[PDB]
Amino acid sequence: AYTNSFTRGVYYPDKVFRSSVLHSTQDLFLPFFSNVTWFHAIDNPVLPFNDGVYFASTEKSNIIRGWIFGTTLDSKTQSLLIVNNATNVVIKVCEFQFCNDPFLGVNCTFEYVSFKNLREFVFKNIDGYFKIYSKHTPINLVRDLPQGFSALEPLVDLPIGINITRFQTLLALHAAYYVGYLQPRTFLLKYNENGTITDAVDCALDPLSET
Amino acid sequence: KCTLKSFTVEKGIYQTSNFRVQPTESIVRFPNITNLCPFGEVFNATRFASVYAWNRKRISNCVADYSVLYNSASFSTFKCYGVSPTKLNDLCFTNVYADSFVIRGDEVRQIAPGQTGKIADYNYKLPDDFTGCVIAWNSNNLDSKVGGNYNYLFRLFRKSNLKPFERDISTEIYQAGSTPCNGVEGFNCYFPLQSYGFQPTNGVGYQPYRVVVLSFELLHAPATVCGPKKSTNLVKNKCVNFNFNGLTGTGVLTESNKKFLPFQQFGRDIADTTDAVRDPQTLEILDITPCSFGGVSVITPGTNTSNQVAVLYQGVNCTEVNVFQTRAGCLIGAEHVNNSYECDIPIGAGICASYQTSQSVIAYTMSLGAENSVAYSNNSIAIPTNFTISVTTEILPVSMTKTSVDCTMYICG
Amino acid sequence: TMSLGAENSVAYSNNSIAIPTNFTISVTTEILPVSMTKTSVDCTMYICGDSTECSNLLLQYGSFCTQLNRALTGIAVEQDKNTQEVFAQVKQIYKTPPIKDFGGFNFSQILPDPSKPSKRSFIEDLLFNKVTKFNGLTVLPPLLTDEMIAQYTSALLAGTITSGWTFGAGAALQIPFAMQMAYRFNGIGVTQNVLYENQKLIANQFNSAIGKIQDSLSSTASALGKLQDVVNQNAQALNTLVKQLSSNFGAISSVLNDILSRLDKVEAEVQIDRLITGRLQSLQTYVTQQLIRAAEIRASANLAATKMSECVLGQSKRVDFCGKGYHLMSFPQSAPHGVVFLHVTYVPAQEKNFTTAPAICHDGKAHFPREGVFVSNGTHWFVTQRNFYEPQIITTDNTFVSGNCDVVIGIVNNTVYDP
Amino acid sequence: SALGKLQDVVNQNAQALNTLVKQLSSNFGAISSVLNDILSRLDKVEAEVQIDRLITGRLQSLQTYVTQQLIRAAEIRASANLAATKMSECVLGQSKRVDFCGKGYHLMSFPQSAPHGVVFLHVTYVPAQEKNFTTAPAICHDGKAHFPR
Ligand SMILES: *[C@@H]1O[C@H](CO)[C@@H](O)[C@H](O)[C@H]1NC(C)=O
Ligand SMILES: *[C@@H]1O[C@H](CO)[C@@H](O)[C@H](O)[C@H]1NC(C)=O
Ligand SMILES: *[C@@H]1O[C@H](CO)[C@@H](O)[C@H](O)[C@H]1NC(C)=O
Ligand SMILES: *[C@@H]1O[C@H](CO)[C@@H](O)[C@H](O)[C@H]1NC(C)=O
Ligand SMILES: *[C@@H]1O[C@H](CO)[C@@H](O)[C@H](O)[C@H]1NC(C)=O
Ligand SMILES: *[C@@H]1O[C@H](CO)[C@@H](O)[C@H](O)[C@H]1NC(C)=O
Ligand SMILES: *[C@@H]1O[C@H](CO)[C@@H](O)[C@H](O)[C@H]1NC(C)=O
Ligand SMILES: *[C@@H]1O[C@H](CO)[C@@H](O)[C@H](O)[C@H]1NC(C)=O
Ligand SMILES: *[C@@H]1O[C@H](CO)[C@@H](O)[C@H](O)[C@H]1NC(C)=O
Ligand SMILES: *[C@@H]1O[C@H](CO)[C@@H](O)[C@H](O)[C@H]1NC(C)=O
Ligand SMILES: *[C@@H]1O[C@H](CO)[C@@H](O)[C@H](O)[C@H]1NC(C)=O
């Protein structure tokens, strides 16, 4: 299944404050109105990672709780694993030997700890530095990812140096979710009076956006 | 007189070199972390890494002293890129990646940015734009052994050259032709690694050398590896020189309502200079405003008539420099007057100055002319009963001197 | 494909004339730039930002920095000269009497309003609403404040209303405003009885045309485009000069304090000379384009000063110099960085066709009109003033003789009256 | 000071040539501002590095001069076009244009030559001694309204 991404998937590009300004930047962004893959966990196959990922899920029930990343997923290299279970965060990179059908059951060079709603996330891995961004919002639409704009703040950067070409998501076992890929687009970002990114233009979308 | 390169000065207003408020104190701020950085875990380990499989050590959340390294007689080379070693103790970085390995004494030439050859292309690749230091020492007494120290390995072959910092540890057979290798050595099919096998009989070029490449994560992100420098109390509402985490500048600091989100560390201007900071010891946002500056104009009657003078600090406030405030700036040595006259020397915003009685420079709002109610009514006319013939002069420039310049004789003579 | 205009066969023949039987008083706005913002740049602080290390390298380049400050000082002094040459054309600050008995013409919307915090007219306040510093860059104030510019437009306007053109040639001489307007009608070749016989209509047409200026300015934000374009070009030039401080020009960083906090002197100088080279070229490109832009504003101020003299202090015979139609009069209003002229013109309105002749035969003598055209309603022949239909009996006193009927091509037989 | 517009054109052109000659003494980052000093001290490979810093800066110095002389020539041309118009309209004619040829009602003008310029002596009639009168737009007679010619 597929859906329109609309203007979703913008994030704060750098750790610098700006306000009441229009600012132009080139980075891995999800293009406006791009084509997003869609799944229903009541459905967690392995997917390619490309240059980076936008991920989102619908919420009323806490089914979806984590992710796996790597190249072969079979102990031949360090594989990033993330859990965020709605009370705790746990992160690991060991040479795990996952089975062909893993779930969260209801060498480790790094380790770390810390529908009514839509949860949004962005993952990117430039030179194996795994950066993460996210957002949450209430929603009115039961079926699908609604049209709107709200930028994602950074959460974490992992200095792990890991090559990723494949990834997967983890269900809790004894909901609608989404995947789309980032591209090296130029964007014009609007920073408001309170320094929030409140709107953007994808400069390659159409000739008016290029104008 | 020096600005005009003349001993006589005509009547007028002349700009002379600019005024700047000077920094009153120097302010220094760094994170209050106390850990000494773990560099001994790299430089003084008994074991060391093979160059085909170099070890990266993360350095973070600590106080360094890089001068302990470059003061030492121990190092056979100490190159630095994007930084000078002498200056590292004043800086602070988000992380250091200390990459570490053994190579032969000749191969130090391949441990540099943008290089080629067996070590650079098949073992350890530095980028075109590296920021860091490459530190090497002869380790014959640590890493040679009789019969050969075979514990140190290098990749002899690869099917394509590595990207910068691409840590390929694969032992899969190198294929030199169309011949299938079946995971074993054979015709056109070779193991990709070799061993240095170091012996104490080896010469200065074929001896083992230990290498550390300190690579600096230098970013807008918060810093965690700082040099050994002190930090001061903070200062506000005063022009000061300042340093936050190595970000050196000068200005008036104040508290501010700039609503930094918890991940932001600096604010930037249209010139990409910094216009706010977050302090590394308290989560408080400081606005930065430039120390006051302006042109300085000297207002003079001609030296043919007086040596008295008045001075205008353009756009400055008189609290920052008779003394009088105007929209043009702070005006000093001019007597303010409530009479109004033709504009003799122009100051700006309707203010002018002249030399008058007590013979001194005076400053006043200019008069546009005498004020005249014309005697209009619906039945009154004025008719001229006599005339005067005026002859008035007008002067117009028509040409200028016809210069020529042989640019080959101007440039090269 | 664009259309140039509606096609029109003019109804020409060798004996047909069209004479206008009525007129309209137009008031039309002209907007001219007169000055631009007086910027100044401390080129040492722009290029080197109070680094002493960069400051000593910038001395290797000699007098490039003082001649940039000399060029911008010449541009800045010229903006006050441009303003003085347009507005300071009065020698005295004239004022209107407290009784506005101008024969029914109503100047209240262009004369000063004392309720305002600066004494601008109502139309000068609309003009001031419809048009909109850290890196060694500064803005210097103009010599004449907007309050002083509004006193000059007030004096020019009050001299023109109370005394006509006389205050331009010498002392202001009072003349009743309808008698001054009767002179303006003689100046376009309309006989002055046409004003006195139509005075109440001409005043209503003028007062209505000033009401249309208020409505246009109180709605049409594109109207002052020439002044906003001059404001916009100077802002875009400064934003370009400031953003060029963020460029590397091939140095390791554009921030001069990165180089001076990361590198020792011998390696820092190699990086700083790239910043000096690119920033010096950035500032030379700005000053060169501000010199070319200043020359264009000076040409517009020289035109605005010539329109003040020839259109406000006089009445102009020059076609289309003081608006479209025959010029009667003009009024100046102040605007941000410029001047607005309200040009008052006579436009002919309602043609009728007539038969016409070059001359008339009477007693075999050829008679020609002294100051008019010979015209016919189809049966009778009349002499008319040339710019307004007012037919008079053909007489020895509105005609003159020369020779006899044998010579003139198209002469007509009609009686000429002897009083 | 009455001749100031012509002296200002002399002074600006003199100051531009003195600025252009002073810029020969600048190093632009070379070891010396003297070209024979570089060539008598250094061998060809190292001398050409120093000479190209002088060539770069002296070429920029001369481009700056010729650019501001082009901009100044356009101002002198505008003034000469105006002077040629005042010659035709006020020496060869009698102008009706207000304040084009002096204040007052223009009678006549005389050209006088001056260094790099022209001086016009403009002769004008100025009305000088007013008297006030009552006035009327028209006069009644036998019910006829009369207006002055
Ligand atoms: C996404 O791609 C599929 C084909 O892969 C196409 O049918 C669908 O219409 C596309 N949707 C959008 C939003 O472009
Ligand atoms: C989240 O994980 C922790 C262990 O990391 C566990 O103790 C906790 O109960 C989990 N919470 C939920 C809501 O599953
Ligand atoms: C750790 O590395 C060794 C080889 O050095 C490997 O055999 C082992 O499987 C790795 N650990 C895990 C958790 O796979
Ligand atoms: C900015 O934040 C303030 C509260 O700090 C709020 O009142 C205001 O409405 C916000 N403005 C915008 C444009 O979001
Ligand atoms: C040290 O810094 C932290 C914030 O980083 C702050 O909470 C603490 O009060 C500081 N203590 C001192 C003595 O500076
Ligand atoms: C110079 O000053 C003297 C008196 O000291 C005076 O006679 C002369 O006229 C002055 N000239 C000028 C040009 O000011
Ligand atoms: C000058 O500074 C004082 C504070 O010392 C302030 O009250 C005043 O408004 C300032 N005036 C100007 C024109 O800056
Ligand atoms: C000018 O007049 C004002 C009152 O109008 C007065 O306050 C001020 O002190 C006077 N200045 C001088 C220099 O006398
Ligand atoms: C004048 O006469 C011609 C006769 O053909 C006619 O076409 C034209 O419309 C007339 N114009 C006016 C203004 O009466
Ligand atoms: C106009 O032309 C006609 C012929 O079409 C001729 O008979 C007549 O005399 C001419 N009239 C005038 C006034 O030229
Ligand atoms: C004309 O009359 C007015 C009446 O107020 C008077 O002020 C003015 O001085 C008179 N002018 C002459 C020249 O008589």
For the range B:311-351, list the strands (runs of 3 or more DSSP E) that sit wholly inside it and hold at least 3 residues that are out of contact with any strand residue (DSSP E or B) (no Cβ under 9 Å at 6 or more places or on another chain); which are they? none
Select from the range B:315-340 the residues that are within 14 Å of ligand 8 (Cβ to nearest atom) and in contact with a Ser or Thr (Cβ under 6 Å, 6 or more places away or on another chain) and write down the one among them that is farthest from the other protein chains (Cβ to nearest Cβ). B:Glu335
Is the range B:366-389 home to any residue that is within 16 Å of ligand 8 (Cβ to nearest atom) and either within 30 Å of D:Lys5 (Cα to Cα) or not small (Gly, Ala, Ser) (or both)? yes
Would you check which residues across the range A:135-155 are more than 17 Å from A:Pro31 (Cα to Cα) and more than 12 Å from every other protein chain (Cβ to nearest Cβ) and list them? A:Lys135, A:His136, A:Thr137, A:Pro138, A:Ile139, A:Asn140, A:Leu141, A:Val142, A:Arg143, A:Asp144
Of all residues in the range A:105-134 being within 15 Å of A:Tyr177 (Cβ to Cβ) and either of a type outside the set (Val, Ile, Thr) or within 16 Å of ligand 6 (Cβ to nearest atom) (or both), the one that is nearest to the other protein chains (Cβ to nearest Cβ): A:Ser134
Mind telling me which of the residues A:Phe123, A:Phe96, A:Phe149 ends up being more than 16 Å from ligand 4 (Cβ to nearest atom) and closer than 30 Å to A:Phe32 by Cα? A:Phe123
Among the residues of the range C:132-146, are any more than 14 Å from chain B (Cβ to nearest Cβ) and either part of a helix (DSSP H, G or I) or within 23 Å of C:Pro33 (Cα to Cα) (or both)? yes
Where residues in the range B:272-284 are buried (at least 19 other Cβ atoms within 10 Å of the Cβ) and out of contact with any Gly (no Cβ under 7 Å at 6 or more places or on another chain), which of them is farthest from the other protein chains (Cβ to nearest Cβ)? B:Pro280
Checking C:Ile188 against (1) on the phi < 0 side of the Ramachandran plot; (2) more than 8 Å from chain B (Cβ to nearest Cβ); (3) buried (at least 19 other Cβ atoms within 10 Å of the Cβ): exactly one of these is not met. Which one? (3)
Which numbered condition trips up D:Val118, out of (1) at the interface with chain B (Cβ under 7 Å from one of its Cβ atoms); (2) surrounded by fewer than 16 Cβ atoms within 10 Å (Cβ to Cβ); (3) hydrophobic (A, V, I, L, M, F, W, C)? (2)
Selection status of D:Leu82, within 8 Å of another protein chain (Cβ to nearest Cβ) and of a type in the set (A, V, I, L, M): yes
Which condition does C:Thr166 not pass, out of (1) buried (at least 22 other Cβ atoms within 10 Å of the Cβ); (2) more than 10 Å from chain B (Cβ to nearest Cβ); (3) out of contact with any helix residue (DSSP H, G or I) (no Cβ under 7 Å at 6 or more places or on another chain); (4) more than 30 Å from C:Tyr46 (Cα to Cα), if it passes all the others? (2)
In the range C:377-419, the residues that are closer than 22 Å to C:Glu351 by Cβ, in contact with a strand residue (DSSP E or B) (Cβ under 8 Å, 6 or more places away or on another chain), crowded, with 17+ Cβ neighbours inside 10 Å and among the polar types (S, T, N, Q): C:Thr384, C:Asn387
Here are some residues: D:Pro111, D:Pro148. Which one is away from ligand 2 (no atom under 16 Å from the Cβ), within 14 Å of B:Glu394 (Cβ to Cβ) and not charged (D, E, K, R)? D:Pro111
Name the single residue, out of those in the range A:1-34 being assigned to a strand (DSSP E or B), more than 15 Å from the chain's Cα centre (by Cα) and within 20 Å of A:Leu205 (Cβ to Cβ), that is farthest from ligand 5 (Cβ to nearest atom). A:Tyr2
Looking only at strands (runs of 3 or more DSSP E) that fall completely inside the range C:1-102, which ones have 3 or more residues that are crowded, with 16+ Cβ neighbours inside 10 Å and within 16 Å of ligand 10 (Cβ to nearest atom)? none
Take the conditions aliphatic (A, V, I, L, M), more than 16 Å from ligand 4 (Cβ to nearest atom) and touching a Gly at 6+ places or on another chain (Cβ under 6 Å) and apply them to B:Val316. Does it pass? yes
Please return the ranges of strands (runs of 3 or more DSSP E) entirely within the range A:141-211 where 3 or more residues are away from ligand 3 (no atom under 16 Å from the Cβ) and under 21 Å from A:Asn62 (Cβ atoms). A:166-173, A:176-181
Can you name every residue in the range A:75-104 that is more than 16 Å from ligand 3 (Cβ to nearest atom) and either on the phi > 0 side of the Ramachandran plot or of a type in the set (S, T, N, Q) (or both)? A:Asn84, A:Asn85, A:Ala86, A:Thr87, A:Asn88, A:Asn100
Which numbered condition trips up C:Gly159, out of (1) surrounded by fewer than 19 Cβ atoms within 10 Å (Cβ to Cβ); (2) within 14 Å of chain D (Cβ to nearest Cβ); (3) closer than 29 Å to C:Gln180 by Cβ? (1)
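The rows are residues; the columns are (1) within 14 Å of chain D (Cβ to nearest Cβ); (2) within 16 Å of ligand 5 (Cβ to nearest atom); (3) in contact with a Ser or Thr (Cβ under 6 Å, 6 or more places away or on another chain); (4) outside any loop (DSSP other than H, G, I, E, B).
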{"site": "C:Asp320", "(1), (2), (3), (4)": "no, no, no, no"}
{"site": "C:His327", "(1), (2), (3), (4)": "yes, no, yes, yes"}
{"site": "C:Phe331", "(1), (2), (3), (4)": "no, no, no, yes"}
{"site": "C:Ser334", "(1), (2), (3), (4)": "no, no, yes, yes"}
{"site": "C:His343", "(1), (2), (3), (4)": "no, no, yes, yes"}
{"site": "C:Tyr346", "(1), (2), (3), (4)": "no, no, no, yes"}
{"site": "C:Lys352", "(1), (2), (3), (4)": "no, no, yes, yes"}
{"site": "C:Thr356", "(1), (2), (3), (4)": "no, no, no, yes"}
Considering only the range B:164-223, state which residues are within 50 Å of the chain's Cα centre (by Cα), away from chain A (no Cβ under 14 Å), on the phi < 0 side of the Ramachandran plot and not in a strand (DSSP E or B). B:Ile173, B:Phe191, B:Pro192, B:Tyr196, B:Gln199, B:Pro200, B:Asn202, B:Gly203, B:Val204, B:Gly205, B:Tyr206, B:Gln207
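Neighbour counts run over all protein chains shown; Cβ positions are idealised from the backbone, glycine included. Values quoted throughout were computed directly from the atomic coordinates according to the rules given, and no laboratory measurement underlies them.
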